[PDB]
Amino acid sequence: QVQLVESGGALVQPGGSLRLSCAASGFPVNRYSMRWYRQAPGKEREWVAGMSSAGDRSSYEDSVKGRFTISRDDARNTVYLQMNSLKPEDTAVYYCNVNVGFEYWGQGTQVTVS
Amino acid sequence: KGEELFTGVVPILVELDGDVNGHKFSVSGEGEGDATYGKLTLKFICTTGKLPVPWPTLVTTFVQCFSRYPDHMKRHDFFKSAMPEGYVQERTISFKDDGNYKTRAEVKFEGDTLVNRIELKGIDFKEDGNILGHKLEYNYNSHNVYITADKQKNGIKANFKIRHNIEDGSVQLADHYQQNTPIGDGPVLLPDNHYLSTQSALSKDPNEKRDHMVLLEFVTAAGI
């Protein structure tokens with residue numbers, strides 16, 4: 001019953017903007033920290049961003065600092081990744097992530113920056 | 001041979017002596033493992049007061065012989081084939097942008113129980129970092145432990161990355177470098193390249209007053 005579902009992936013031109021969504025079921029998004037990772041083909045799945053359980057702190061990997069913003073709507077139990085200044089290097093499958101007893105991943109959404 | 005010691009539920013005992021940035025501590029653990037299911041249930045207790053570091057940084061250190069190897073991979077299970085005499089497990093664990101642990105352990109049967117006895121030394125930990133700062137969340141992620149044969153030492157090596165969830169929403173990597181050596185001189189299985197897929201859940205004992213951790217873990221060999 002813990003489930004995560006990402007959406008929003010799409011083709012986007014470099015410089016463009018895009019927002020991804022992570023819909024959570026089975027647990028309250030405001031009681032657990034949540035995170036985005038991405039994985040480009042060939043490369044390893046790296047951590048992209050995260051938010052504390054309380055909501056008071058956000059963190060990013062250096063390569064996306066100042067270009068991505070993580071936020072959440074507690075009422076809609078959803079987490080978002082706002083992306084700006086998209087680089088072709090940002091092309092990847094994006095995943096959200098939470099740990100509720102064990103770790104859970106969503107199925108991922110494809111973002112292509114071309 | 002060694003594999004037949006694991007067809008059922010086996011009692012486990014864990015003992016660790018540690019020193020991190022000069023703070024010394026001790027931990028004792030007990031539980032049981034059931035390799036049929038790749039399942040482990042352990043409870044640890046800091047016998048020396050409060051734990052100097054976050055409980056999760058110590059999970060990998062606190063018995064891969066309880067991994068479920070599937071039928072078609074039984075021949076790749078180094079861990080069980082070294083039993084009952086056991087093996088030495090050594091690691092360097094390097095925390096990204098912070099200190100490292102070096103650990104040395106013996107894993108072997110003592111009578112009817114599987115025992116894991118460890119020495120750990122930690123250095124170079126930043127007093128305001130995620131570890132000594134106690135900034136890790138009390139949970140544990142799921143990883144792949146990549147195993148390879150080390151013919152020169154009649155054992156195996158492993159390499160993997162532990163992702164520790166940090167309270168501020170970030171992730172603290174712990175790079176694991178691992179070497180296992182049989183204790184007996186008899187034959188052991190040297191496996192083809194493969195990995196172990198692990199999942200762990202941390203919890204608390206509501207009636208435990210001491211500093212402690214409860215661990216439930218599932219480990220399954222794969223990749224062949």
# chains A, B, ... in the order shown; residues from 1 in each chain; ligands from 1
>>> interface_residues(of="chain B", to="chain A", cutoff="6 Å", atoms="only C-alpha atoms", output="VMD selection string")
chain B and resid 141 167 to 170 201
>>> select_by_dssp(residues="chain A", states="strand (DSSP E or B)", output="PyMOL selection string")
chain A and resi 3-7+11-12+18-25+34-39+46-51+58-60+68-73+78-83+92-100+102-105+109-113
>>> atom_distance(atom1="atom CA of residue A:89", atom2="atom CA of residue A:40")
8.7 Å
>>> select_by_dssp(residues="stretch 1-222 of chain B", states="helix (DSSP H, G or I)", output="NGL selection string")
:B and (2-6 or 55-58 or 64-66 or 71-76 or 78-81 or 151-153)
>>> closest_residue(among="A:112, A:17, A:25, A:1", to="residue A:69", atoms="only C-alpha atoms")
A:17
>>> closest_residue(among="B:152, B:197, B:64, B:181", to="residue B:85", atoms="only C-alpha atoms")
B:181
>>> residues_around(residues="residue A:81", least_positions_apart="4", cutoff="8 Å", atoms="only C-alpha atoms", output="JSON, numbers by chain")
{"A": [19, 20, 21, 36, 68, 69, 70, 71]}
>>> write_last_selection(atoms="N, CA and C atoms", output="PDB file, in the first residue's frame")
ATOM      1  N   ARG A  19       8.197  20.878 -14.598  1.00  0.00           N
ATOM      2  CA  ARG A  19       7.906  20.492 -13.219  1.00  0.00           C
ATOM      3  C   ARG A  19       7.448  19.041 -13.147  1.00  0.00           C
ATOM      4  N   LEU A  20       8.078  18.273 -12.267  1.00  0.00           N
ATOM      5  CA  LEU A  20       7.701  16.878 -12.080  1.00  0.00           C
ATOM      6  C   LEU A  20       6.879  16.739 -10.818  1.00  0.00           C
ATOM      7  N   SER A  21       5.996  15.745 -10.816  1.00  0.00           N
ATOM      8  CA  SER A  21       5.183  15.445  -9.649  1.00  0.00           C
ATOM      9  C   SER A  21       5.416  14.024  -9.157  1.00  0.00           C
ATOM     10  N   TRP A  36      14.314  13.158  -4.622  1.00  0.00           N
ATOM     11  CA  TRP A  36      14.358  12.817  -6.034  1.00  0.00           C
ATOM     12  C   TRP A  36      15.757  12.291  -6.373  1.00  0.00           C
ATOM     13  N   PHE A  68      16.962  24.009  -9.583  1.00  0.00           N
ATOM     14  CA  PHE A  68      15.872  23.105  -9.225  1.00  0.00           C
ATOM     15  C   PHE A  68      15.313  23.525  -7.881  1.00  0.00           C
ATOM     16  N   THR A  69      14.013  23.356  -7.704  1.00  0.00           N
ATOM     17  CA  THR A  69      13.421  23.601  -6.402  1.00  0.00           C
ATOM     18  C   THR A  69      12.510  22.446  -6.039  1.00  0.00           C
ATOM     19  N   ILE A  70      12.700  21.920  -4.841  1.00  0.00           N
ATOM     20  CA  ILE A  70      11.817  20.871  -4.372  1.00  0.00           C
ATOM     21  C   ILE A  70      10.764  21.491  -3.466  1.00  0.00           C
ATOM     22  N   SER A  71       9.519  21.053  -3.619  1.00  0.00           N
ATOM     23  CA  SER A  71       8.471  21.477  -2.700  1.00  0.00           C
ATOM     24  C   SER A  71       7.437  20.369  -2.534  1.00  0.00           C
TER      25      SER A  71
END
>>> residues_around(residues="residue B:9", least_positions_apart="3", cutoff="7 Å", atoms="only C-alpha atoms", output="JSON, numbers by chain")
{"B": [32, 33, 34]}
>>> closest_residue(among="B:207, B:189, B:200, B:1", to="residue B:75", atoms="only C-alpha atoms")
B:189
>>> atom_distance(atom1="atom CA of residue B:2", atom2="atom CA of residue B:72")
17.0 Å
>>> closest_residue(among="B:204, B:143, B:117, B:126", to="residue B:221", atoms="only C-alpha atoms")
B:143
>>> closest_residue(among="A:106, A:82, A:43, A:91", to="residue A:2", atoms="only C-alpha atoms")
A:106
>>> atom_distance(atom1="atom CA of residue B:139", atom2="atom CA of residue B:175")
17.8 Å
>>> decode(residues="stretch 22-47 of chain B", atoms="N, CA and C atoms", output="PDB file, in the first residue's frame")
ATOM      1  N   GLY B  22      38.422   8.764  19.049  1.00  0.00           N
ATOM      2  CA  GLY B  22      38.872   8.649  20.424  1.00  0.00           C
ATOM      3  C   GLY B  22      37.816   8.282  21.445  1.00  0.00           C
ATOM      4  N   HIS B  23      36.538   8.417  21.081  1.00  0.00           N
ATOM      5  CA  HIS B  23      35.440   7.961  21.935  1.00  0.00           C
ATOM      6  C   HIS B  23      35.304   6.454  21.798  1.00  0.00           C
ATOM      7  N   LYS B  24      35.460   5.742  22.905  1.00  0.00           N
ATOM      8  CA  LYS B  24      35.380   4.289  22.875  1.00  0.00           C
ATOM      9  C   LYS B  24      34.001   3.815  23.308  1.00  0.00           C
ATOM     10  N   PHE B  25      33.559   2.689  22.747  1.00  0.00           N
ATOM     11  CA  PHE B  25      32.235   2.151  23.062  1.00  0.00           C
ATOM     12  C   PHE B  25      32.128   0.650  22.786  1.00  0.00           C
ATOM     13  N   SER B  26      31.100   0.027  23.345  1.00  0.00           N
ATOM     14  CA  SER B  26      30.870  -1.391  23.128  1.00  0.00           C
ATOM     15  C   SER B  26      29.410  -1.691  22.817  1.00  0.00           C
ATOM     16  N   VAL B  27      29.194  -2.734  22.022  1.00  0.00           N
ATOM     17  CA  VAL B  27      27.843  -3.150  21.669  1.00  0.00           C
ATOM     18  C   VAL B  27      27.715  -4.665  21.664  1.00  0.00           C
ATOM     19  N   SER B  28      26.611  -5.152  22.197  1.00  0.00           N
ATOM     20  CA  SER B  28      26.314  -6.572  22.141  1.00  0.00           C
ATOM     21  C   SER B  28      24.969  -6.783  21.461  1.00  0.00           C
ATOM     22  N   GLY B  29      24.897  -7.798  20.605  1.00  0.00           N
ATOM     23  CA  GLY B  29      23.671  -8.075  19.878  1.00  0.00           C
ATOM     24  C   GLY B  29      23.297  -9.542  19.861  1.00  0.00           C
ATOM     25  N   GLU B  30      22.005  -9.814  19.745  1.00  0.00           N
ATOM     26  CA  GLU B  30      21.522 -11.181  19.654  1.00  0.00           C
ATOM     27  C   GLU B  30      20.318 -11.264  18.715  1.00  0.00           C
ATOM     28  N   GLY B  31      20.159 -12.409  18.065  1.00  0.00           N
ATOM     29  CA  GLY B  31      18.964 -12.683  17.299  1.00  0.00           C
ATOM     30  C   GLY B  31      19.019 -14.032  16.627  1.00  0.00           C
ATOM     31  N   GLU B  32      18.463 -14.112  15.423  1.00  0.00           N
ATOM     32  CA  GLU B  32      18.503 -15.350  14.670  1.00  0.00           C
ATOM     33  C   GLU B  32      18.409 -15.080  13.180  1.00  0.00           C
ATOM     34  N   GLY B  33      18.950 -16.003  12.397  1.00  0.00           N
ATOM     35  CA  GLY B  33      18.963 -15.884  10.954  1.00  0.00           C
ATOM     36  C   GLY B  33      18.404 -17.146  10.328  1.00  0.00           C
ATOM     37  N   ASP B  34      17.776 -16.997   9.168  1.00  0.00           N
ATOM     38  CA  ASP B  34      17.114 -18.104   8.485  1.00  0.00           C
ATOM     39  C   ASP B  34      17.431 -17.924   7.007  1.00  0.00           C
ATOM     40  N   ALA B  35      18.499 -18.564   6.546  1.00  0.00           N
ATOM     41  CA  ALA B  35      18.943 -18.341   5.175  1.00  0.00           C
ATOM     42  C   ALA B  35      17.966 -18.884   4.131  1.00  0.00           C
ATOM     43  N   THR B  36      17.056 -19.741   4.529  1.00  0.00           N
ATOM     44  CA  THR B  36      16.061 -20.225   3.577  1.00  0.00           C
ATOM     45  C   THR B  36      15.377 -19.006   2.946  1.00  0.00           C
ATOM     46  N   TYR B  37      15.041 -18.036   3.796  1.00  0.00           N
ATOM     47  CA  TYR B  37      14.360 -16.798   3.429  1.00  0.00           C
ATOM     48  C   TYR B  37      15.277 -15.595   3.279  1.00  0.00           C
ATOM     49  N   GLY B  38      16.572 -15.786   3.513  1.00  0.00           N
ATOM     50  CA  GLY B  38      17.502 -14.669   3.516  1.00  0.00           C
ATOM     51  C   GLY B  38      17.154 -13.657   4.597  1.00  0.00           C
ATOM     52  N   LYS B  39      16.574 -14.136   5.687  1.00  0.00           N
ATOM     53  CA  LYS B  39      15.963 -13.277   6.689  1.00  0.00           C
ATOM     54  C   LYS B  39      16.773 -13.184   7.989  1.00  0.00           C
ATOM     55  N   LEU B  40      16.879 -11.982   8.540  1.00  0.00           N
ATOM     56  CA  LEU B  40      17.637 -11.745   9.771  1.00  0.00           C
ATOM     57  C   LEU B  40      16.872 -10.818  10.692  1.00  0.00           C
ATOM     58  N   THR B  41      16.838 -11.177  11.965  1.00  0.00           N
ATOM     59  CA  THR B  41      16.257 -10.363  13.007  1.00  0.00           C
ATOM     60  C   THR B  41      17.263 -10.234  14.149  1.00  0.00           C
ATOM     61  N   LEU B  42      17.737  -9.015  14.379  1.00  0.00           N
ATOM     62  CA  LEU B  42      18.749  -8.767  15.399  1.00  0.00           C
ATOM     63  C   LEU B  42      18.401  -7.547  16.247  1.00  0.00           C
ATOM     64  N   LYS B  43      18.793  -7.604  17.511  1.00  0.00           N
ATOM     65  CA  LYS B  43      18.642  -6.482  18.418  1.00  0.00           C
ATOM     66  C   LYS B  43      19.992  -6.196  19.041  1.00  0.00           C
ATOM     67  N   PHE B  44      20.403  -4.934  18.991  1.00  0.00           N
ATOM     68  CA  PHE B  44      21.695  -4.528  19.520  1.00  0.00           C
ATOM     69  C   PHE B  44      21.510  -3.614  20.710  1.00  0.00           C
ATOM     70  N   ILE B  45      22.477  -3.641  21.618  1.00  0.00           N
ATOM     71  CA  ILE B  45      22.448  -2.801  22.803  1.00  0.00           C
ATOM     72  C   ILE B  45      23.834  -2.239  23.081  1.00  0.00           C
ATOM     73  N   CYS B  46      23.908  -0.924  23.263  1.00  0.00           N
ATOM     74  CA  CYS B  46      25.158  -0.260  23.613  1.00  0.00           C
ATOM     75  C   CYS B  46      25.430  -0.465  25.091  1.00  0.00           C
ATOM     76  N   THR B  47      26.369  -1.349  25.409  1.00  0.00           N
ATOM     77  CA  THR B  47      26.573  -1.761  26.794  1.00  0.00           C
ATOM     78  C   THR B  47      27.410  -0.749  27.572  1.00  0.00           C
TER      79      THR B  47
END
